[PDB]
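To keep things clear, I will list the structure first and then write my remarks on it.
Note on naming: letters A, B, ... go to the chains in the order of the sequence lines (proteins, then strands), and numbering restarts at 1 for each one.
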2 protein chains.
Amino acid sequence: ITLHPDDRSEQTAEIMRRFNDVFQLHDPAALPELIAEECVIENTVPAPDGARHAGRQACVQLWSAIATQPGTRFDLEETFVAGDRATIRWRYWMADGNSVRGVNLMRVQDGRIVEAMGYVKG
Amino acid sequence: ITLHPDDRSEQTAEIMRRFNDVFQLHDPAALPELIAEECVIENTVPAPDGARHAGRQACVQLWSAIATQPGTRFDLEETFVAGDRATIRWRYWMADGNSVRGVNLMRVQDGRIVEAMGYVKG
Ligand SMILES: [Cl-]
Ligand SMILES: [Cl-]
């Protein structure tokens with residue numbers, strides 16, 4: 001985690017560590033405590049806009065499925081934190097052996113993830 | 001521009017304003033002075049990795065063409081700055097009338113853009 005010094009930067013880093021570990025450990029147990037009631041994900045697909053998932057339940061369900069899909073994984077390229085925001089660059093490996101690079105733009109409020117926006121190479 | 005308070009945040013905001021104006025005004029005159037000799041762009045396409053453009057000349061050429069392509073434009077969604085980094089969310093409108101949302105991750109060093117990473121909805 002690259003930290004830009006800022007009031008809550010260390011808190012946001014801790015949130016991103018635990019968030020990233022869900023995927024690295026394929027273990028979604030931490031997801032609910034990290035996600036705001038009103039959390040929104042703007043997913044990577046489909047263009048033009050990306051789907052939208054709203055509310056803790058939808059966000060937990062989506063990320064849980066992602067974290068536990070057989071034959072898939074993520075390599076973390078860089079997590080950069082500043083204040084209540086972070087960027088997480090990654091490479092996603094698919095069950096067919098292909099991969100794609102992407103990024104999440106993350107925002108926290110009251111110590112929980114309220115916004116996650118995903119993008120990919122197209 | 002949303003600024004996260006940090007040493008050079010105001011400088012980075014100024015760089016991003018002038019960078020964004022190149023596209024909004026379809027005027028690439030400012031590009032060279034904003035771009036480091038060694039600047040690298042990791043473009044939005046093609047998956048998996050995105051092409052790579054290296055050096056001021058390549059980066060100026062690519063962005064100049066983008067800025068001046070007839071029938072195309074960008075809407076700025078949000079520019080967020082922290083320290084020597086920024087994120088710029090946008091919607092790109094293509095000559096065929098379609099659009100796609102995307103984001104640039106930007107990094108400056110010595111007052112010039114050294115790194116620009118682009119991603120899109122897929
Ligand atoms: Cl990678
Ligand atoms: Cl938009």
Side-chain angles (χ1 to χ4, degrees), chain A residues 1-5 9 12 77-89 101 103-107 115 117 119 121, chain B residues 1-5 8-45 50-69 72-93 100-120:
Chain A
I1 302 201
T2 298
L3 266 71
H4 176 69
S9 295
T12 306
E77 294 180 349
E78 187 193 48
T79 301
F80 172 75
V81 172
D84 288 323
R85 297 203 187 195
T87 62
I88 308 165
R89 284 187 292 118
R101 303 178 70 209
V103 63
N104 285 17
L105 270 61
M106 308 287 286
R107 184 169 59 87
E115 177 176 73
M117 285 172 289
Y119 305 77
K121 301 301 187 182
Chain B
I1 302 201
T2 298
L3 266 71
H4 176 69
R8 289 182 294 274
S9 295
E10 287 191 21
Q11 166 169 103
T12 306
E14 266 297 298
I15 294 168
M16 301 307 134
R17 177 181 69 72
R18 297 169 174 264
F19 178 80
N20 282 337
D21 281 348
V22 161
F23 302 91
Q24 296 300 300
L25 301 178
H26 303 279
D27 183 354
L31 289 165
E33 72 201 53
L34 298 176
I35 298 173
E37 186 182 88
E38 75 273 27
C39 191
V40 173
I41 292 169
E42 295 187 355
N43 204 10
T44 56
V45 299
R52 188 178 184 272
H53 304 262
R56 178 183 294 116
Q57 181 183 65
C59 294
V60 170
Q61 186 169 313
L62 177 68
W63 278 321
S64 297
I66 290 167
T68 62
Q69 184 62 24
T72 68
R73 80 184 180 271
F74 292 85
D75 296 329
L76 294 170
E77 294 180 349
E78 187 193 48
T79 301
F80 172 75
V81 172
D84 288 323
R85 297 203 187 195
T87 62
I88 308 165
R89 284 187 292 118
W90 48 254
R91 176 178 304 268
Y92 177 62
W93 295 87
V100 61
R101 303 178 70 209
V103 63
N104 285 17
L105 270 61
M106 308 287 286
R107 184 169 59 87
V108 296
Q109 179 175 112
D110 279 15
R112 296 188 180 83
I113 300 157
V114 291
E115 177 176 73
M117 285 172 289
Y119 305 77
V120 288

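For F80(A), the ring-ring contact (aromatic ring centres under 6.0 Å, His included) criterion is met by no residue, not counting sequence neighbours.
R112(B) approaches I35(B) most closely through the heavy-atom pair CD-O, 3.5 Å. Shortest non-hydrogen contact noted between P28(B) and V22(B) is CA-CG1, 3.8 Å. For the pair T12(B) and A86(B), the tightest heavy-atom approach, listed with the atom from each and the gap, is CG2-CB, 4.2 Å. Between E38(B) and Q109(B), the shortest heavy-atom distance links the atoms OE2-OE1, 4.1 Å.
Sparse packing is recorded around CD of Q57(B), with 12 or fewer heavy atoms of other residues, nucleotides or ligands lying under 6.0 Å away. Enclosure of atom CD in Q24(B) by more than 12 non-hydrogen atoms of other residues, nucleotides or ligands within 6.0 angstrom is indicated. Within 6.0 Å of the CZ atom in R17(B), the count of heavy atoms belonging to other residues, nucleotides or ligands exceeds 12. Around CZ of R89(B), the count of heavy atoms belonging to other residues, nucleotides or ligands within 6.0 Å exceeds 12.
With rounding to the nearest 0.5 Å, the separation of CG in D75(B) from CZ in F23(B) is 14.0 Å. Note that the OG atom of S9(A) and the NE2 atom of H4(B) stand 4.5 Å from one another [nearest 0.5 Å]. Taken to the nearest 0.5 Å, the CD1 atom of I15(B) stands 12.0 Å off from the CZ atom of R107(B). Taken to the nearest 0.5 Å, the CD1 atom of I66(B) stands 5.5 Å off from the CG atom of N43(B). The line from OH of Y119(B) to CG of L105(A) is 10.5 Å long, rounded to the nearest 0.5 Å. Taking CG from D21(B) and CG from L34(B), the interatomic distance works out to 10.0 Å, rounded to the nearest 0.5 Å.
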task: Assess whether side chain to side chain contact (heavy atoms under 4.5 Å, CB included) is satisfied between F19(B) and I113(B), documenting all intermediate values.
output: CA-CA 9 Å; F19(B) 178 80; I113(B) 300 157; 3.7 Å; yes
- prompt: Would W90(B) and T79(B) count as a side chain to side chain contact (heavy atoms under 4.5 Å, CB included) if you check the C-alpha gap in whole Å, the side-chain angles of each, and the deciding distance to 0.1 Å?
  reply: CA-CA 9 Å; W90(B) 48 254; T79(B) 301; over 6 Å; no
message: Working note: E42(B) + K121(A), criterion side chain to side chain contact (heavy atoms under 4.5 Å, CB included); need CA distance, chi angles, decisive distance, verdict.
response: CA-CA 9 Å; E42(B) 295 187 355; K121(A) 301 301 187 182; 4.0 Å; yes
- request: Take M117(B) and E77(A) through the side chain to side chain contact (heavy atoms under 4.5 Å, CB included) test and state the conclusion after the steps.
  value: CA-CA 13 Å; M117(B) 285 172 289; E77(A) 294 180 349; 5.9 Å; no
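A donor-acceptor pair under 3.5 Å is absent between the side-chain atoms of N104(B) and the main chain of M106(B), judged by distance alone.
At least one side-chain heavy atom of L76(B) sits under 4.5 Å from a side-chain heavy atom of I88(B).
Salt bridge annotation for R85(A)-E78(B): present, with a cationic side-chain nitrogen under 4.0 angstrom from a carboxylate oxygen.
In this pair, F74(B) and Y92(B) present their aromatic rings tilted. The plane angle is within the 30 to 60° band.
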